[PDB]
Structures are given as structure tokens and as C-alpha cells.
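Undergrad: Return a 3D structure for these sequence lines:
(one chain, ligands or ions: 1)
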Amino acid sequence: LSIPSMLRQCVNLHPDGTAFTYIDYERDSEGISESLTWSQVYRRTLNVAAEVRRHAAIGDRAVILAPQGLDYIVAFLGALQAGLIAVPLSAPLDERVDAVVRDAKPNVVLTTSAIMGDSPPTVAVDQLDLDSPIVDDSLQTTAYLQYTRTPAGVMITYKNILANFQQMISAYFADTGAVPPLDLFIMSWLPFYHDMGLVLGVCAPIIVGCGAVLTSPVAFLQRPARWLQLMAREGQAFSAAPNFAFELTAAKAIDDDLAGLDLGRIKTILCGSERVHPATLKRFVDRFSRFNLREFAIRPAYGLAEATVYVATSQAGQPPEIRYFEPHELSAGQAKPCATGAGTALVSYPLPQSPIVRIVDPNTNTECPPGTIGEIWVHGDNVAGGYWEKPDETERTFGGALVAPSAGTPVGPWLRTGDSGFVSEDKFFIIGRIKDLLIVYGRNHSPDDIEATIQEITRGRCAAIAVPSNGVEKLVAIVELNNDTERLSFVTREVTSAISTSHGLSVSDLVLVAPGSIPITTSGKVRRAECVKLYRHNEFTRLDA
Ligand SMILES: Nc1ncnc2c1ncn2[C@@H]1O[C@H](COS(=O)(=O)NC(=O)CCCCCCCCCCOc2ccccc2)[C@@H](O)[C@H]1O
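TA: Numbers count the residues shown, from 1 in each chain. Shown next is the structure:
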């Protein structure tokens, strides 16, 4: 039923089995290990549940404001144990944190003494005696709020979680009868305050019944090779990452750091949370196949917080499948398949069985014929019931109703994803986020394709954004370069020409910025939203000024 009850079952079956292992690279460049069996994490959880019960009631929200580590896991679990709606947030570094706190009106804050320095009662869980030897007041419905201009908290129920896990276990392990191997372990460096990192690092170990090897996204960014190192531990690894993490690892990992790594036991590496670029997948597999990385272990995956996490993934037992389409028709709105190597390449996602996806005209609420691009709509029991205390926004995002649905298609409710895609053959494809699209003379260009063009030339971070000006959208590219005045001219004319010939677009402004200037998250590739208003308020410093 609930995560607390599943954790108590983990303790019953395998009290002394290892549940969570956290590798901390902050003091020791090589990582200090600290591990909890099922019984020990349960004890900590119960102690946190006792402490939160002094401050909040069943149903109250509990904000978690801790760094990545075991204390975060035990704050979150202890909150669910005492029947509180957890709110996983990031450690203060912030304005969106106070906006979330105002929205969720929490009755307790769970944090650590270290960031205690950075009103509801505040608990430093590390300063609690967490290993001192009941509180099962768990809810059977709402587990936690997942926060993503006003901050909207996705209500995630235990039903959402279990349904998404059943869909996930079945698609990821369809080749083994929806049974994961005995050898499975979870490895993740993804932040626990993002949906991918929370469901994979914290929730999955309990629901699947395996242990997790965990670390911090700052450890991964410092030395991406550690990711491969930790996945190559004993057993069959299951991990996940955004596309730029695949690129970064292919780029910055030294073959000396990988002395004697066996990557052949890695069960699954999901690639998600952003557009999956075939070129990235090929660079990753071509560079790490030497260590026995299996190509069928790379699994592109699509989802969003509003669907708990998972919507679709590639066929189990096969390497990712790539399809090719004519780009002029793609911008026109039509998917026309073309020969291998011609046109744009898109990762083929098999139409999922559960949840179900449809391609729908956002202006008429009617399905699109195959090959016609529209908005991806999602139906299924993993789709959240709404945004916390936001009835109107809930209605606009979750209340998709299909007019004259096709045979076998529910009328509603549909989750409108904001993503543009199409169906070809019996696979569907994701173009990208609609708000990020560049519309020029009635045509639609995707910023992921523009940035993939620019990157190959720059080898750095990009953002292709749309700046409105006197009734149209103008193309602007924020381009990170390594840090003379001719060399700058070489890159500007190269990139400008590459966008001209590959897209038929004129670049209205190329902003050469230093590395780190484009807003990125720890798990977000680029916030093209933020780029637009940083550029409009002239907050960028160029290298050629
Ligand atoms: N594959 C993709 N291609 C293109 N765009 C993608 C995309 N995925 C997300 N996006 C973009 O990102 C938007 C959503 O952003 S978001 O709300 O913050 N959330 C996200 O993006 C998260 C989506 C990730 C996909 C599935 C992650 C699996 C999670 C762990 C499995 O645990 C298990 C399960 C079983 C066994 C062991 C472990 C989406 O609206 C879309 O625009």
C-alpha cells in the first residue's frame, strides 16, 4: 500500500540487508562510505517520525531542506511515516525556496545543523539521536508534493507511485517477465529534490526491495568518472541521467580513472528529463563499449513530474532505435520518414501500454492523424490529481478532454504535457517543449535541434531562445566558449553559417558568454526561460565586447 508499510516489510524480510549506501566526496576526494541496513534506516525513520509528531499533525506538510545524504532520506521517510505530506526541497543557495514554503504552508521544517543557519518549527535531524531504539500514522493517499511562474506542487499519491512503478517494472524488465534480477542495485547521483532523483534514489529501493549506491550531483560534476565507478560495483546497476550527463561523462572521464572497470553487468542506464540526442548516445556507447558497456542497457525514457515520473521507454532487450525525418516538413508540422542519415534523427519511443499517449491538436482538443505534430497528452493512474491548492491551474493542465475520441481512447482526464511530438508507425516521438519553440514565418523550429547544431562546433553549452520583437520571434543563441579577437570572429561566422545552412535561420544575436553563464540546474540542462529575460535585461557579459 504505502511506502512506510513497504519499508516495514523490507525490515521484516531482510533486516540486515543493505538498503542505502552514501558515498561522500566532500572531505575525501575519493569518497567516504556510510551504509544503513533496512533495520537501521527504519530506526532512523521512526525517530524522525517521533520528532516531527511533536510539531505537526497528520496531513500537515513537512518541508525537507537538507543537503544530499542519508539525513535527507530519513527526513523524507520519517515525514511519510508520521502521516505528513513531504515537500522535498533543495538546500539554500534561494528565492524559489521561500516561494515554495509560502505555497505549502508547512507545519515543520526538516533540515540539518550545518545549513540550519540558512514561523514553522525547524528540526536539525543530524542533531537528533537517530540510532536510539510505534508511529505508523501514514496516509494511504497523498505522499508528497513535487514542486517544479508561481510554484505548483504536484500532488503524488501512493497510488500514483505504485502504478508508475508497475508500469516501469513491466516496461524496463519486459524481457525477464517484469522481474528484475536478483543482482539488482540502484546507483544514482541525481538530486533527491528532483522527481527522477527522488523516485530512483529514495523510493525505488524500498518498493523494489534492493539497495542503493548514492552520491551528490556536485560529486558527479567534479569528476563524472565516479558515476561509472559506482555503477561498476558488485551486482547489476540501475541508474539514470539527463542527456548532458552522458555527454559530460563521454568527454571528461579519463581512461586512467577507468582502469579495470567492468561495465558489462550494468543492467539499465535511463536517459531522460530532457531531449535524448542520438549523437550523445553514440558518443557514450562508442567510448565506453571498451569496458563492456552493453548497448541494450541504454534506455531512453520520457516522463514528467505530473505523471509521477514515467511515461514511455525503449523496448527492453534492444539498443535504442533511431528514426530519420525530413526537417522542412518537420518545421511545417508533418513527420515524413527519410533514409538513414538524412534529415533529423529522433529516438523512437514505443507507444506505451500504460500510461497511454495521444497526439492532440492543442487548439481543437482532437487527436492528430499519424505523422501530424501536436501536443502529447497522457492518460493513466500514474497521472497526478492536480497541483496543491491550485484548482484553476489543475484544470488547465490535467483536465484535457478529447472531443470525439478515436476508438478505444478515453475522453478524459488527460494530462497536457506542454510537449510537442508525433506518432510514426507504432512509435511516438518527442520534439520538445512547446514554449521553447522558435516560430518563424509560420514554421516551428525546435531549440534542441538548433543547440545540437551549435554544440558540435563550440563543444560547449548553448541555448537557442526566441526573443519577441515587433510581432515576430527572433532567434538568439547564448553560447559558452572557452576563455583572441580573430578566434571569436572565426567561431561567430562558423556558428552563424552552421545555423544558416542546417536550419535556414538567421541568427539575430550570438552572445558569446563565459563557461557557467547560461542558467543550468544540477539536473536541468538549460533554463531557456531564464535566458530570455536575462537577455532582455542585458544581464549577459560577452567575450567580444
Ligand atoms: N526523454 C525526453 N525527451 C525529451 N524531453 C524530455 C524527455 N524527458 C523529459 N523531458 C522534458 O522534461 C519535461 C518534464 O520535466 S520534469 O517535470 O521536471 N520531470 C522529468 O523530466 C522526469 C522524466 C524522466 C523519465 C523517466 C525517469 C525514471 C525515474 C526513476 C525510475 O526508477 C526505477 C524504476 C524501476 C526500477 C528501478 C528504478 C517534460 O515535460 C519534457 O519537456
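Undergrad: Measure how buried residue 93 is and give me the count.
TA: When neighbours are defined as other CB atoms under 10 Å, residue 93 has 8 of them. Just so you know, the C-beta spots here come from the backbone N, C-alpha and C atoms, and that holds for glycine as well.
Undergrad: Could you pull up the contacting residues of it?
TA: Counting by CB atoms under 8 Å, 6 or more residues apart in numbering, residue 93 touches no other residue.
Undergrad: Over to residue 322?
TA: Per CB under 8 Å, 6+ apart, neighbours of residue 322: 278, 345-348.
Undergrad: By neighbour count, which of the residues you listed wins?
TA: That'd be residue 346 among the contacts of residue 322, by other CB under 10 Å, with 26 neighbours.
Undergrad: Okay, and the beta partners of the closest residue to it other than its chain neighbours?
TA: Once flanking residues are discounted, residue 346 sits nearest to residue 429: 4.6 Å by CB to CB, 6 or more residues apart in numbering. For residue 429, the beta-bridge partners are residue 422 (DSSP bridges).
Undergrad: From what I see, residue 77 and residue 47 are in contact.
TA: No: assessed by CB atoms under 8 Å, residue 77 is found out of contact with residue 47, at 10.7 Å.
Undergrad: What about the ligand: which of the contacts of residue 322 touch it?
TA: Contacts with the ligand within those, counted by CB under 6 Å from any ligand atom: none were found.
Undergrad: Which of those residues fall in strands?
TA: 345-347 (DSSP state E).
Undergrad: And what about residue 512, helix, strand or coil?
TA: Look at residue 512: counting by DSSP: H, G, I helix; E, B strand; the rest coil, its state is strand.
Undergrad: I figured residue 544 hits residue 492, correct?
TA: Yes: contact criterion CB under 8 Å: residue 544 and residue 492 qualify, at 7.5 Å.
Undergrad: what touches both of the two?
TA: residue 512.
Undergrad: Pick out whichever of the two has more residues nearby.
TA: Legend: neighbour count by other CB under 10 Å for residue 544 and residue 492, higher for residue 492 (16 against 13).
Undergrad: Residue 268: what's it in contact with?
TA: Applying CB under 8 Å, 6+ apart, the residues contacting residue 268 are 172, 237-239, 297, 299.
Undergrad: Give me the subset of those residues that also touch the ligand.
TA: Here is what survives when those are matched to the ligand using CB under 6 Å from any ligand atom: 172, 238.
Undergrad: ranges for the helices of the stretch 301-450 of the chain?
TA: Assigned by DSSP state H, counting those that start in this stretch, the stretch 301-450 of the chain shows helices spanning 327-332, 391-398, 447-458.
Undergrad: and the last one, which residues are buried?
TA: Residues 447-455, 458 are the ones in helix 447-458 that count as buried (16 or more other CB atoms under 10 Å).
Undergrad: If residue 467 is in a bridge, with which residues?
TA: Residue 467 has these beta-bridge partners by DSSP bridges: residue 474.
Undergrad: That one and residue 535 touch, don't they?
TA: Yes: between residue 467 and residue 535 there is a contact under CB under 8 Å: 6.4 Å.
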